[PDB]
Amino acid sequence: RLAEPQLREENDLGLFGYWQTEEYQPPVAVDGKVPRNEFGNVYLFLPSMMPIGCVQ
């Protein structure tokens with residue numbers, strides 16, 4: 001928004017309701033590789049989000 005003033009008032013954040021979301025499914029490591037997000041990391045806000053077969 002600072003770089004482009006036209007986007008200052010643009011609503012670029014999307015909000016989803018409860019009915020639009022399903023239960024989270026833990027990932028499973030493949031070929032001994034830890035699953036990664038789009039940034040190449042793993043989100044571990046909760047222990048249930050830990051990949052199956054992986055230990056912290």
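The paragraphs below set out a description of the structure included in this document. (Residues numbered from 1 in each chain as written, not as in the entry; some residues may be left out. Part of a larger assembly, values for the part shown. Heavy atoms only, no water.)

### Regarding the overall build of the protein
The condition is simple: Under the scheme used here, helices are H or I runs from DSSP no shorter than 4 residues and strands are E runs no shorter than 2 residues, and both carry numbers assigned from the N terminus. To get the radius of gyration, use the C-alpha atoms; to get the globule rule, take the number of residues to the power 0.38 and multiply by 2.2 Å. Contacts are residue-level and defined by heavy atoms, with any inter-residue pair within 4.5 Å sufficient. Residue-level accessible areas treat just the shown protein chains as cover; the underlying method is Shrake-Rupley with a 1.4 Å probe. Within this scheme the basic residues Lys and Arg register as positive and the acidic residues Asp and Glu register as negative, but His and the chain ends are omitted. To locate a charge, take atom NZ for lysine, CZ for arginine, CG for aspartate or CD for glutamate.
Each helix and strand in the protein was counted, giving zero helices and zero strands. Computed over C-alpha atoms, the radius of gyration of the protein comes to 17 Å, more than 25% over the 10 Å expected from 2.2 N^0.38 for 56 residues, which places it beyond the range of a compact globule. When its C-alpha atoms are laid out on the principal axes, the protein stretches across 45 × 30 × 20 Å. Sequence-distant contacts, at least 24 apart, represent 26% of the contacts inside the protein between residues at least 6 apart. Of the roughly 6000 Å² of accessible surface on the protein, a fraction of 55% belongs to carbon and sulfur atoms. The average position of the 4 basic charges and that of the 8 acidic charges among the side chains of the protein differ by 10 Å.

### Concerning unusual backbone geometry
For the record, the criterion: Burial classes: relative accessible area under 20% of the type maximum marks a residue as buried, over 50% as exposed, and values in between as partly exposed (1.4 Å probe, protein chains only).
The backbone of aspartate 31 sits at a positive phi, close to 55°, despite the residue not being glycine. With a relative accessible area of 72%, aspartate 31 lands in the exposed category.

### Quick look at the environment of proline 26
With relative accessibility at 38%, the residue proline 26 sits in the partly exposed group. Sequence spacing of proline 26 and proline 51 is 25 residues, and the spatial spacing of their C-alpha atoms is 5.6 Å. If sequence neighbours within four positions are ignored, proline 26 has contacts with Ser48, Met50 and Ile52.

### Considerations on a nonpolar patch on the surface
Rules: Distance thresholds for patches are 9 Å for like charges and 5 Å for nonpolar side chains (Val, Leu, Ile, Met, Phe, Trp, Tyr), applied to residues having over 30% relative accessible area and no salt bridge. Only one rule defines a salt bridge in this text: a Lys or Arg side-chain nitrogen within 4 Å of an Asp or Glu carboxyl oxygen.
Where nonpolar side chains cluster on the molecular surface, the patch consists of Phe39, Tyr43, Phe45 and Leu46 and spans about 540 Å² of accessible area. By relative accessible area, which is 66% here, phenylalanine 39 ends up exposed.

### A few points about the environment of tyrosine 43
Owing to a relative accessible area of 47%, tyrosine 43 belongs among the partly exposed residues under this scheme. Along the chain, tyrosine 43 and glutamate 22 lie 21 residues apart, while their C-alpha atoms are 18 Å from each other. Beyond its immediate chain neighbours, meaning those up to four positions away, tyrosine 43 contacts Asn37 and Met49.

### Quick look at the environment of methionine 49
Assessed through its relative accessible area of 17%, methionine 49 is described here as buried. Spatially, the C-alpha atoms of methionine 49 and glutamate 4 are 37 Å apart, while their sequence positions differ by 45 residues. Setting aside anything within four residues of it in sequence, one finds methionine 49 in contact with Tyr24, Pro27, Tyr43 and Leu44.

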